Amino acid sequence: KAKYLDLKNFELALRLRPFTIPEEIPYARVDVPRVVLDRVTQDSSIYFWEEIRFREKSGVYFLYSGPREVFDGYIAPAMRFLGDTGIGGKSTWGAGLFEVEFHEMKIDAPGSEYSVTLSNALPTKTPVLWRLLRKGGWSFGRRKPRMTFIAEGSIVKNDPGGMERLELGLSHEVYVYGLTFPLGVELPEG
Amino acid sequence: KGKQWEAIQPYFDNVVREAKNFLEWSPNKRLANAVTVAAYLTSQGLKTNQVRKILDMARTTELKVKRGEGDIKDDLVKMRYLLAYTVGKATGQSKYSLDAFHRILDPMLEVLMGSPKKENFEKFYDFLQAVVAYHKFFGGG
Amino acid sequence: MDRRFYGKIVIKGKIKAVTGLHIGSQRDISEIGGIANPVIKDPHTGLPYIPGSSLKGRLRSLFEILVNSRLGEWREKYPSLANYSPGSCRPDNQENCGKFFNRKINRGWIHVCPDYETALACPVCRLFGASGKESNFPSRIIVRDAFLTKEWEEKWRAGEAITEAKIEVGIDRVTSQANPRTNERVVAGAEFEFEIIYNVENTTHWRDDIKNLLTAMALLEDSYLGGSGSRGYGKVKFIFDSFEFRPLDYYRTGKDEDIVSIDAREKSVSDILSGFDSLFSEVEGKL
Amino acid sequence: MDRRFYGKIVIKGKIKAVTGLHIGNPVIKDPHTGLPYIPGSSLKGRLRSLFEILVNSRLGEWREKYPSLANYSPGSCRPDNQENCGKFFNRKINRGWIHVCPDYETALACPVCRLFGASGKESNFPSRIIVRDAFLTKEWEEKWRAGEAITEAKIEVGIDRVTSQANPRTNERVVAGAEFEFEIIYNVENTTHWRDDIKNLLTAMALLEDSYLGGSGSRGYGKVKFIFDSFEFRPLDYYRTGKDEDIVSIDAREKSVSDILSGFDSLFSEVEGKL
RNA sequence: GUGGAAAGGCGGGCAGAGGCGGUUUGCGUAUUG
Ligand SMILES: [Zn+2]
Ligand SMILES: [Zn+2]
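Residue numbers (the authors' numbering), protein chains in the order written: chain E, 98 to 287; chain B, 45 to 185; chain D, 1 to 287; chain K, 1 to 24, 37 to 287.
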């Protein structure tokens, strides 16, 4: 039933060892009610709204693996500009904002031809075992079509993934990141 | 009834003075004894209106422990002699009731002059309100 | 329909509790030993204070009654008083009867006009505020909570008391049976700083709307402010520090060009005395 | 139903004690200024108790003029534990019996409870007089400053008969001669009956000048002497224009019994034109 | 080249009404060192 595993326990399930789930999840998806008030008569108009609320120490991270001259040239500027305009959501209510610190992190992968993907897969050939996911974005007020990404933790064999550029009627072309993030895994018989 | 006032008091008085410091035990003991404190003060009258000057004296500097002052000298002076003034003004049948209430607090006040101010007086003030609260529950006010 | 903004007449002053002042609110919050009738005290300082609801409510309830008496002749001065008759809706359970006191709060009846268009002309609800289903005229005055003056903070520092315990008793006419009690009231003579802001929304009707506020205040000096009241416990007296106009050009720029009226040593009845055309004369130049 | 407002008759004046007064063994004092003072509840609850006793004897003469006196027989509910019955004192407060009419329209018709106010179960009729506290006068504020003692002490004794055993105590009384300044405001709400309540409030004051005011009283601790200064009217138009449009009633050298007697109807004559 | 863009949880409400610090008790009597 679980959805996340710890860094110690994610390494064990790559080798098919017995392991343990975490006990508490860090975030709490809460729903706050807001209101909409007219300016002349102060008359209410309620609407619900819901967002992820994180704890005191906790937070969110992600990974990067590649040439560091592409990291420091591109990402580390972008994560300082994105500390002051949010990662989506109603980021005029201070929702997506954060502060950034970078680190190094090590996951041991057993050498085998199967691999779990730590990002949305969007495969070119059919994977082995996959938890499917339908989402679509919004580029500059234009709706993106729903695409069949695969959720994180599905198993491909030697699949590089892809990116599909989209038209959307903008001045520039719009790419959708679906490059896989393969870490090696040992599969059972099937 | 009053036969409980003779036995339970003489069971508790040797336990009273042997823990004379107000920082005796922050665990379940000081609340378990405090019910027994009001248990032999139940059979006595123990009117609160004479104690209202003392408790408001404990009230007006309870805010002043809380970032008001770091000195409880001038307050705890005023608590010692007025509590002696309690039998020092009111005598009679209420005096035999108020002598047994004198002998618990007077060992604890003398701690509080040289005590910490953020600590060890909260441990008194929590034992203050434990005596009053159960006393309302056994039938006195 | 058409809410505008022109400035905010700020009334600064000091409420002087001539007699013991009593408000009263909840007791026993994680607390055992009290007098069981405590005046509301804010928790960060532990000092008493006059709230805004206890002052806006008592300025309102002394101005329903003035309107309820002169309901007959003010229909020409103010429209939408022709929807009303002097009296209560209490004898027949209606939220809109012919009489004046029309809205049931829980079990009591308080005049609140049901619409924005009806409350725009009503002398009471155009000032103190109103409500309804979907229409909802909001207020104009912000009565803020009043705290003790710079002086009476230090009398709590120097060691002087601020609350007194008065013992009152009840007596049977036959057996002279004494039935006593205790009250915590503010010490007589303490002094709280109030501030009443008037949001000027229409320049057509502010002269006849500041005069209504100084009518509800001039009744409050003869009546009491909360508490047992009929037995002395009110008797409050306004000491005006400064009227200030706070215009529209003040808020954008920041220039100290706000119009200050002269209210140094004047009674609340002396502002509304012949001279209200002279105290607020230079406000007419700004409109 | 239908609370209204025409004005507020203000009764200023000065309470004088020809004989020494006591309230309650110290006389209670104003804390911020130190001076003793006559409270509000000791002057409104004393006039009510000298008017509920006066109404108790006369339930045949006032019943033709006041309704809801027929609902009571002159008596007391002290032996018989019944709330609302034929006996005239109906509310057990905790242990005391005070006549309060238990409804609006009973208290609207009652002669006592239309004036000194009345509680109830969902009725709660409110008063028409508000009696303020009485501090010292500004010429007697200065005898405290000049050291001329505004109070005094008194040692009595209590003689046990057989052994002639003297058991003394020290009463503390206000000194005889000290003069306060009282305040009663009558809230004129119903123009049909205010001739009553002004001649009916002075009724309770006039019995008080014969009775005592607080303290023991049967030993010398009373003797109020109401020195009136000026009635005024304060109409509804006073609170809108702020003028001196309040009709002054001349009583600079007149008594409580000298207003309620011949001389009434010429003084309050301009108020009747103002209604 | 962001499941995005815009959106006040708030408009109206006095902890209020009723209530005497009270009732009785004479600064005195008894005898001597
Ligand atoms: Zn209205
Ligand atoms: Zn009655």
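Backbone N, C-alpha and C define an ideal beta-carbon position, used for all residues, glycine too.
| message | Using 7 Å as the threshold, is the C-beta distance between K:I196 and K:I11 below it? | response | The sequence position of residue 196 of chain K within the fourth sequence is 184, counting from 1. The sequence position of residue 11 of chain K within the fourth sequence is 11, counting from 1. Between K:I196 and K:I11, the C-beta gap is smaller than 7 Å, which places the two residues in contact.
| Near-chain E residues of the region 122-142 of chain D (beta-carbon distance less than 8 Å), N- to C-terminal order | Contact annotation: in the region 122-142 of chain D, residues whose CB is within less than 8 Å of a CB in chain E are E134, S135, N136, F137 and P138.
| message | Quick check on D:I171: buried or exposed, where buried means 16 or more other Cβ atoms within 10 Å of its Cβ? | response | Your numbering for residue 171 of chain D matches position 171 in the third sequence. Buried is the call here.
| said: Give me the residue from D:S135, D:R58 and D:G87 with the minimum Cα distance to E:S141. | reply: As a working mapping, residue 141 of chain E is identified with position 44 in the first sequence. Per the Cα distances, D:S135.
| field | C-alpha gap between D:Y224 and B:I148, whole angstroms | value | Walking along the third sequence from the start, residue 224 of chain D turns up at place 224. Walking along the second sequence from the start, residue 148 of chain B turns up at place 104. Spanning the two alpha carbons is a distance of roughly 47 Å.
| task | Just the chain D side, please: which residues come within less than 9 Å of E:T138 by C-beta, in chain order? | result | To locate residue 138 of chain E, count along the first sequence from 1; it is residue 41. Neighbours of E:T138 across chain D, judged by C-beta separation under 9 Å: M1, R3, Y116, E134, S135, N136, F137 and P138.
| query | At which residues does the alpha helix (DSSP H) containing D:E117 begin and terminate? | reply | As a working mapping, residue 117 of chain D is identified with position 117 in the third sequence. Element bounds for D:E117: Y116 to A119.
| query | For a contact meaning CB atoms closer than 7 Å, what does D:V187 contact in chain K? | reply | Here residue 187 of chain D corresponds to residue number 187 of the third sequence, with the count starting at 1. In chain order: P43 and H44.
| request: Counting only the same chain and skipping the five closest in sequence on each side, list residues whose C-beta sits under 6 Å from that of B:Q88. | output: Position 44 of the second sequence, counted from the start, is the residue given in the question as residue 88 of chain B. The answer, listed in chain order, is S141.
| Pocket of ligand 1 defined by Cβ to heavy atom distance under 5 Å | That gives D:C113, D:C122, D:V124 and D:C125.
| field | Cβ-Cβ distance between D:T19 and D:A188 below 7 Å | value | Sequence index remark: in the third sequence, residue 19 of chain D carries index 19 (1-based). Sequence index remark: in the third sequence, residue 188 of chain D carries index 188 (1-based). Closer than 7 Å, so yes.
| task | Tell me whether K:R70 is buried or exposed, calling it buried when 16 or more other Cβ atoms sit within 10 Å of its Cβ. | result | Working through the fourth sequence from its first residue, we reach residue 70 of chain K at position 58. When all chains shown are included, K:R70 counts as exposed.
| query | Taking the runs of the beta strand (DSSP E) that are 3 residues or longer, which of them lie wholly in the region 205-250 of chain K? | reply | Unbroken beta strand (DSSP E) runs of no fewer than 3 residues, entirely contained in the region 205-250 of chain K, are found at 236-244, following chain order.
| field | Where K:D271 sits in the DSSP three-state scheme | value | In the fourth sequence, counting from the first residue as 1, residue 271 of chain K sits at position 259. Residue state, collapsed to three classes: helix.
| request: Just the C-alpha distance for K:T149 and K:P51, rounded to the nearest angstrom, thanks. | output: Within the fourth sequence, residue 149 of chain K is the residue found at index 137, counting from 1. Within the fourth sequence, residue 51 of chain K is the residue found at index 39, counting from 1. Here the alpha carbons of K:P51 and K:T149 stand approximately 15 Å from one another.
| field | Coil, strand or helix - residue 89 of chain E by DSSP | value | Shown here, chain E extends from 98 to 287; a query on residue 89 of chain E therefore has no answer.
| For B:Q173 and chain D, any beta-carbon pair shorter than 7 Å? | Taking the first residue of the second sequence as position 1, residue 173 of chain B is located at position 129. Yes - at least one Cβ of chain D is within 7 Å of the one on B:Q173.
| Between the CA atoms of E:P257 and E:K222 - distance to the nearest angstrom | By 1-based counting over the first sequence, the position of residue 222 of chain E is 125. By 1-based counting over the first sequence, the position of residue 257 of chain E is 160. Cα to Cα, the separation comes out at about 10 Å.
| Do D:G275 and K:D145 have their CB atoms nearer than 7 Å? | Translated into the one-based positions of the third sequence, residue 275 of chain D becomes position 275. Translated into the one-based positions of the fourth sequence, residue 145 of chain K becomes position 133. No, the Cβ-Cβ distance between D:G275 and K:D145 is not below 7 Å.
| request: Taking the CB atoms as reference points, tell me whether D:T215 and K:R252 lie closer together than 7 Å. | output: The sequence position of residue 215 of chain D within the third sequence is 215, counting from 1. The sequence position of residue 252 of chain K within the fourth sequence is 240, counting from 1. Less than 7 Å divides the Cβ of D:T215 from the Cβ of K:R252.
| task | Pull up the DSSP beta-bridge partners for K:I196, would you. | result | Here residue 196 of chain K is taken as the residue at index 184 of the fourth sequence, counted from 1. Paired residues: K:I11 and K:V143.
| said: Which of the three DSSP states is assigned to D:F101 in this structure? | reply: Along the third sequence, read from residue 1 onward, the residue named residue 101 of chain D stands at position 101. Looking at D:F101 - three-state DSSP - the assignment turns out to be strand.
| message | Rounding to the nearest angstrom, what Cα-Cα distance links E:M202 and E:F195 in this structure? | response | Here residue 202 of chain E refers to the residue found at position 105 of the first sequence. Here residue 195 of chain E refers to the residue found at position 98 of the first sequence. Looking at the two C-alpha atoms, the distance is approximately 20 Å.
| Three-state class that DSSP yields for K:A82 in the structure shown | Taking the fourth sequence and counting its residues from 1, one reaches residue 82 of chain K at position 70. Correct three-state label for K:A82: coil.
| query | Is any heavy atom in ligand 2 found nearer than 6 Å to the beta carbon of residue 34 of chain K? | reply | Coordinates for residue 34 of chain K are lacking, as chain K steps from 24 to 37 with nothing built in between.
| request: May I ask you to check if the CB of K:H111 is nearer than 6 Å to at least one heavy atom of ligand 2? | output: The count along the fourth sequence starts at 1 and reaches residue 111 of chain K at position 99. The answer is yes for K:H111.
| task | Since I believe K:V169 is in contact with K:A161 (beta carbons under 8 Å), could you give me their beta-carbon distance rounded to a whole number of angstroms? | result | Taking the first residue of the fourth sequence as position 1, residue 161 of chain K is located at position 149. Taking the first residue of the fourth sequence as position 1, residue 169 of chain K is located at position 157. About 23 Å; that fails the 8 Å criterion.
| message | Can you confirm whether K:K56, when its beta carbon is compared against all beta carbons of chain D, has any partner nearer than 7 Å? | response | Here residue 56 of chain K corresponds to residue number 44 of the fourth sequence, with the count starting at 1. So yes, K:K56 belongs to the interface.
| Would you say D:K286 faces chain K, with C-beta separation under 7 Å as the test? | Numbered from 1 along the third sequence, position 286 holds the residue referred to as residue 286 of chain D. Not one beta carbon of chain K lies nearer than 7 Å to the beta carbon of D:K286.
| said: I need the DSSP call for E:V225, collapsed to helix, strand or coil. | reply: As a working mapping, residue 225 of chain E is identified with position 128 in the first sequence. In the structure shown, E:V225 sits in coil (DSSP, three-state: anything other than H, G, I, E or B).
| Endpoints, alpha helix (DSSP H) assigned at D:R58 | The residue you call residue 58 of chain D lines up with position 58 of the third sequence. Start and end: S53 to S69.
| Touch test, the region 74-94 of chain K against the region 110-122 of chain K, Cβ-Cβ under 8 Å, three pairs minimum | The answer is yes - the region 110-122 of chain K touches the region 74-94 of chain K, with three or more Cβ pairs under 8 Å.
| query | What's the gap between the Cα of E:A218 and the Cα of E:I247? | reply | In the first sequence, counting from the first residue as 1, residue 218 of chain E sits at position 121. In the first sequence, counting from the first residue as 1, residue 247 of chain E sits at position 150. Computed Cα separation, rounded: 5 Å.
| request: Specify the secondary structure class of D:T182 as computed by DSSP and reduced to three states. | output: As a working mapping, residue 182 of chain D is identified with position 182 in the third sequence. Note: D:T182 maps to strand in three-state DSSP.
| request: Take K:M1 as the anchor and find which of D:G46, D:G72 and D:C89 has the nearest alpha-carbon. | output: As a first step, residue 1 of chain K is located in the fourth sequence; it is residue number 1 there, counting from the start. Per the Cα distances, D:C89.
| request: Answer with buried or exposed for K:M217, where buried requires no fewer than 16 other C-beta atoms within 10 angstroms of its C-beta. | output: As a working mapping, residue 217 of chain K is identified with position 205 in the fourth sequence. By the neighbour-count definition (other C-beta atoms within 10 Å, threshold 16), K:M217 is a buried residue.
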